[PDB]
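In the text below, chain A, chain B and the rest are named by the order of the sequence lines, each starting its count at 1.
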Amino acid sequence: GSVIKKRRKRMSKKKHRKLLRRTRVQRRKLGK
Amino acid sequence: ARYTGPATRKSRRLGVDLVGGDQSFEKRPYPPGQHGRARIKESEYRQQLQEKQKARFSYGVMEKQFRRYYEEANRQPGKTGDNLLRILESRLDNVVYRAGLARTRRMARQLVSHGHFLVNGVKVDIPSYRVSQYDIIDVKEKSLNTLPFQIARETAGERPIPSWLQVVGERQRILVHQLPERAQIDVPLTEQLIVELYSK
Amino acid sequence: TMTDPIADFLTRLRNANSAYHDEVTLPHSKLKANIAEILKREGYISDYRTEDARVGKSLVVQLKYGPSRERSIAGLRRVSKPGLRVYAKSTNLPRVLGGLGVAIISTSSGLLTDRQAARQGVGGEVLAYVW
Amino acid sequence: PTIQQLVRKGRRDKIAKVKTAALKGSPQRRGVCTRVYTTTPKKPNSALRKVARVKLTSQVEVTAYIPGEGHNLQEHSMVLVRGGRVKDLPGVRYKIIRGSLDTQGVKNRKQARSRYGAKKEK
Amino acid sequence: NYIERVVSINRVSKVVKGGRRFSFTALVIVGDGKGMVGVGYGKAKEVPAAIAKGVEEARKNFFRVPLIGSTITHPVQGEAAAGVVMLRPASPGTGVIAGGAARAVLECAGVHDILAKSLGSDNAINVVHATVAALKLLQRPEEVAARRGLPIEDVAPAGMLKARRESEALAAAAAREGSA
RNA sequence: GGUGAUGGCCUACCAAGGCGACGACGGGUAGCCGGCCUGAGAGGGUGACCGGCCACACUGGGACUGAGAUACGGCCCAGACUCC
RNA sequence: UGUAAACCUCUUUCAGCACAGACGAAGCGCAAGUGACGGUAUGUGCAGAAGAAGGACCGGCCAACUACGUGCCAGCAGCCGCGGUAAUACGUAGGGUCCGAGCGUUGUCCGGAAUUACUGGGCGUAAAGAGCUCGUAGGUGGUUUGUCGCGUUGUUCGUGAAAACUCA
RNA sequence: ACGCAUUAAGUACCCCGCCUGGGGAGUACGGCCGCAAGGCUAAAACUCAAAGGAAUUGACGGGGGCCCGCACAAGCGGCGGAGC
């Protein structure tokens with residue numbers, strides 16, 4: 001169908017993975 | 001309760017003249033209000049509601065009671081419409097009206113409620129009394145000589161009598177052969193749109 | 001794989017009746033033959049032959065159409081499927097098409113319509129509706 | 001799906017969202033107006049819509065509309081809160097009803113007096 | 001005396017260089033009130049002309065409805081584009097009870113007693129087409145028995161034939177006051 | 001042994017089994033039903049009156065008496081609360 | 001507005017005033033009486049319309065429409081949304097409508113919702129085929145003979161308390 | 001609807017997986033796997049009255065094709081600079 005539906009998920013995923021790359025070491029110090 | 005307001009205007013809103021004797025509607029045709037002669041959107045709901053209200057205000061029955069009558073008709077067998085009409089005609093105000101003792105269902109209601117009648121010996125102050133097969137509706141001893149029943153016996157040739165009913169005495173005793181069928185009812189109304197209404 | 005030759009038979013019938021075929025050959029089963037007999041008696045088909053194949057036996061249903069190719073059948077519907085077997089008591093038998101149809105019922109009195117089953121006071125497995 | 005899929009997993013109706021949770025099953029609640037104020041509605045509408053943050057008896061602080069022309073409400077006022085959606089105000093689902101022992105009726109209502117706590121004058 | 005019944009009026013908009021160029025669509029059912037009914041969809045710049053075109057299309061594509069009395073022969077579920085309308089016959093006096101589209105087509109056909117229900121695609125046009133498809137799927141017992149190659153008795157139920165004979169009497173014997 | 005009575009109900013010993021994806025063990029919620037409300041029905045929701053069963057009687061535990069006891073308006077203990 | 005009203009006539013239900021006055025009790029008592037309800041219900045008479053009607057709604061769903069005032073304010077609204085000086089959507093008047101000693105609102109449940117679809121849905125693009133296979137449990141099972149009669153079906157018995165629901 | 005159309009998206013049967021408005025979010029918490037990256041399972045609050053699918057008519061395109069116009073190109077004369 002349309003690619004807007006792809007683009008919404010795209011932006012969500014992009015921002016989430018940026019957040020993870022940003023909090024990688026914090027998340028490690030907390031989890032591990 | 002009951003509707004003690006003007007009578008002609010309901011008939012005017014509903015087109016059919018239930019009693020008659022006015023010139024406003026009868027020269028200019030319109031429902032009541034300043035916005036008579038207005039533009040109408042011709043909805044089936046208005047049709048149905050108008051037949052229901054025709055019945056309600058032709059008789060003296062209110063909606064919370066007419067609903068019960070409808071439900072009785074729908075439960076009990078046969079056609080719901082003619083069962084409902086049979087019920088509405090098999091009540092004391094209506095039988096004495098149809099017998100011509102009052103020439104108005106309002107007047108018949110006042111008479112029964114004031115106790116100018118009785119049924120099989122026992123006094124009845126209930127217009128909603130559902131009469132039955134083989135019912136003698138006597139008038140009491142004060143009432144037969146009172147003026148309204150004098151007027152009844154005097155002018156008991158104006159409107160016809162149903163078949164299921166007959167008056168038998170100069171004292172205006174009334175007898176019920178059976179309960180009326182849709183041919184016996186003789187009312188200016190259908191009966192299908194009302195059941196459609198309450199099936200909505 | 002194949003899981004109900006009854007539905008296979010009804011489908012061969014339905015598809016051939018849609019395509020206006022005059023014959024329907026299919027494998028044989030005593031149950032399918034009895035069903036075909038019911039359809040013949042109720043007038044939904046012209047005839048049915050039981051013949052021999054290379055290996056076993058075949059049913060050849062000679063279907064029926066009017067003069068203007070009016071389909072003698074308007075529908076077939078398996079009901080007691082594998083996975084969901086439906087059984088009818090003699091009281092709550094189904095009226096197919098308001099009664100103008102025919103429900104095939106398997107009972108210990110044999111294979112017989114809903115009408116016959118209500119007559120005989122019995123019920124059983126509802127195989128098909130064949131209006 | 002298949003019948004066996006159903007007997008295994010079954011049908012689960014979508015969970016209806018509990019609404020007016022601040023009432024906690026009640027039709028109304030009593031609450032102190034913690035902050036009476038005014039809010040601006042959504043974009044198509046514009047007005048100064050009267051509201052109050054009320055701390056109910058359910059231990060919940062909610063926003064509540066104040067229908068009618070006038071209102072005498074200050075903080076610390078005992079108020080009776082019903083339900084009712086106000087579309088233009090996004091974050092509000094409750095209304096205040098007159099005859100709350102503080103919220104007197106609206107002045108000079110004469111058509112729909114029951115909905116605004118107005119007594120008949122005769 | 002053809003009874004006519006509009007169910008829906010809709011302002012449709014073509015778009016052009018200048019702007020929105022409007023027109024009107026009228027869905028008009030018409031019938032004889034006794035079993036013949038037709039549907040029309042009139043498209044025209046003005047509402048009355050649209051209705052007139054709908055009337056003409058309906059009277060062109062009339063079709064006859066099987067009945068046993070003032071109801072239908074058997075239940076039937078008609079499907080359209082996406083309109084799904086079940087029809088179920090009903091005992092007399094219960095009244096045609098249906099949404100305005102199915103209701104209109106049935107009241108124009110003369111079906112005063114019937115159960116009907118739209119199960120998909122609330123759009124009135126496809127609903128009407130679905131209802132019509134149902135009425136076309138209907139099968140009178142006479143033509144059914146012909147289709148089978150049997151009597152009417154052993155294909156149709158005694159209740160249907162009882163009501164059939166009753167309606168036939170109330171038609172013919174009660175047409176005396178009309179014929180004389 | 002115990003019970004009115006069968007039974008790990010309890011005990012000594014013996015054997016090592018038993019339950020679990022067909023959801024054990026846990027967590028949450030809840031008295032159950034006839035019925036009630038809705039609904040075309042299937043179903044959904046509910047468990048007010050009325051009627052039946054259960055459970056409880058400040059909390060927890062315990063027995064005694066007795067044909068019969070969760071013994072509300074009985075007993076013992078402990079605890080909280082109130083009072084002399 | 002509005003046969004509405006005024007005015008003529010009638011009627012007295014109900015309420016009020018006076019008198020009587022229970023059934024409930026083949027009961028209890030072998031004592032002479034015994035009814036809490038109760039001097040109640042109810043019957044008799046008495047006077048006169050005499051003491052007795054509000055509430056919601058009127059843009060569509062949803063019958064029922066105008067005027068005035070306010071014009072993105074005040075406000076309304078369940079959704080669509082209405083108010084940006086000519087508002088049938090706000091407020092008030094009239095008028096109409098729906099009910100009627102009720103009327104509306106809120107809350108809760110079902111319906112409508114075939115919107116968890118057994119009856120009764122679907123999955124190419126609308127949400128929906130696991131990335132594909134193997135295979136366990138499970139589900140399912142070609143033709144045919146016989147048997148069991150578990151399912152199934154028929155019949156009968158018992159039970160399915162009463163009340164409820166339904167029919168009379 | 002586009003389209004599928006004996007390689008079905010048809011007619012039917014069996015079995016499995018999956019959906020139940022859009023966002024939030026295939027995210028958090030928990031757990032499992034993994035060296036890690038991250039994956040798998042998988043919400044809620046809150047929020048919107050839509051999100052969406054196909055197709056139609058137009059408009060538009062730093063899409064295409066064909067054709068026009070002092071539109072460009074080829075020329076002539078100017079304005080913009082001075083004064084009025």
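Within 4.0 Å (heavy atoms only), B:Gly115 reaches no atom of the nucleic acid at all. E:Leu119 comes within 4.0 angstrom of a base, heavy atoms only. Looking at heavy-atom distances under 4.0 Å, D:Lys24 makes no contact with the nucleic acid at all. Within 4.0 Å (heavy atoms only), A:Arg17 reaches sugar-phosphate atoms of the nucleic acid but no base atom. The residue B:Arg67 sits apart from the nucleic acid: no heavy atom pair falls under 4.0 Å. Nucleic acid contact for D:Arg8: sugar-phosphate only, since backbone atoms but no base atoms lie under 4.0 Å from a heavy atom of the residue. Contact annotation for D:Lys120: backbone-only contact, meaning every heavy-atom pair under 4.0 Å involves sugar-phosphate atoms and none involves a base. Residue contacts for B:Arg13: at a heavy-atom cut-off of 4.0 Å it reaches the sugar-phosphate backbone alone, with no base atom in range. As judged by a 4.0 angstrom heavy-atom cut-off over every strand, D:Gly91 is placed among residues touching the sugar-phosphate backbone only. Nucleic acid contact for B:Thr4: none, since no nucleic acid atom lies under 4.0 Å from a heavy atom of the residue. Here D:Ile97 lies out of heavy-atom contact (under 4.0 Å) with every strand. Across all strands, D:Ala112 comes closer than 4.0 Å only to sugar-phosphate atoms, never to a base (heavy-atom distances).
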(message) I'd like to compare against my own output: the B/S/- annotation of nucleotides 75-80 of chain G with a strict under-4.0 Å heavy-atom distance to protein.
(response) BBBSSS

(request) Classify every nucleotide of nucleotides 143-157 of chain G by which part a protein heavy atom approaches to under 4.0 Å, writing B for the base, S for the sugar-phosphate alone and - for neither, in 5'-to-3' order. (result) SSS-----BSSS---

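No Watson-Crick or G-U wobble pair links G:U88 with G:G104 with both defining distances under 3.5 Å. Nucleotides H:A1 and G:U125 satisfy the base-pair criterion: a Watson-Crick or G-U wobble arrangement whose two donor-acceptor distances both fall under 3.5 Å. Under a 3.5 Å limit on both donor-acceptor distances, the bases of G:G24 and G:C37 meet the Watson-Crick or G-U wobble criterion. Judged by the 3.5 Å cutoff on both pairing distances, G:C61 and G:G78 qualify as a Watson-Crick or G-U wobble pair. Taken together, G:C17 and G:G45 constitute a Watson-Crick or G-U wobble pair, since both relevant N/O distances lie under 3.5 Å.
Taking 4.0 angstrom as the limit, B:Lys123 places none of its side-chain polar atoms (N or O) nearer than this to OP1 or OP2 of G:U13. For the OP1/OP2 pair of G:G121 and a distance below 4.0 Å, the side-chain nitrogens and oxygens of D:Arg11 include no atom meeting the criterion. Between H:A36 and A:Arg28, no contact under 4.0 Å exists linking OP1 or OP2 to a side-chain N or O.
In the model, C:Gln116 has no side-chain atom that pairs as donor or acceptor with a side-chain atom of C:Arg119 under 3.5 Å. Between the side chains of A:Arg27 and A:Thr23, a donor-acceptor pair is found at a separation under 3.5 Å.
At distances below 3.5 Å, at least one donor-acceptor pair connects side-chain atoms of D:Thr103 with backbone N or O atoms of D:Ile97. Panel note: side chain E:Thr25, backbone E:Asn10; a donor-acceptor pair is recorded below 3.5 Å.
G:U115 has a negative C1'-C2'-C3'-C4' torsion, placing its sugar in the south range. Judged by the sign of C1'-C2'-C3'-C4', H:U20 carries a south-puckered sugar. At G:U85 the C1'-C2'-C3'-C4' dihedral is negative, so the sugar adopts a south, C2'-endo-type conformation. Evaluation of the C1'-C2'-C3'-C4' torsion of F:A55 gives a positive value and hence a north sugar. Residue note: G:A26 shows a south-type sugar, the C1'-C2'-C3'-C4' torsion being below zero.
For the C1' atoms, the distance linking H:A59 with G:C79 amounts to 33 Å, nearest Å. For the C1' atoms, the distance from G:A49 to G:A25 is 45 Å, rounded to whole Å.
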Report, one pair per line, the protein and nucleotides 24-26 of chain H atoms (nitrogen or oxygen only) whose separation is under 3.5 Å.
unit_1	atom_1	unit_2	atom_2	d
H:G26	OP1	A:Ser12	OG	2.7
H:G26	OP2	A:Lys9	NZ	2.5
H:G26	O5'	A:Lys9	NZ	3.2

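Under 4.0 Å is where a charged nitrogen must lie from a carboxylate oxygen, and between C:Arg85 and C:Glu125 at least one such pair does.
Taking only distance into account, the side chain of B:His114 meets the base of G:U13 through a donor-acceptor pair shorter than 3.5 Å. Donor-acceptor pairing under 3.5 Å, judged by distance alone, is present between the side chain of C:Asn15 and the base of H:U11. If you check distances only, the side chain of D:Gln4 never reaches the base of G:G138 with a donor-acceptor pair under 3.5 Å. Donor-acceptor pairing under 3.5 Å, judged by distance alone, is present between the side chain of B:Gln34 and the base of G:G94.
You cannot call B:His35 stacked on the base of G:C65; the centres under 5.5 Å and planes under 30° rule is not satisfied.
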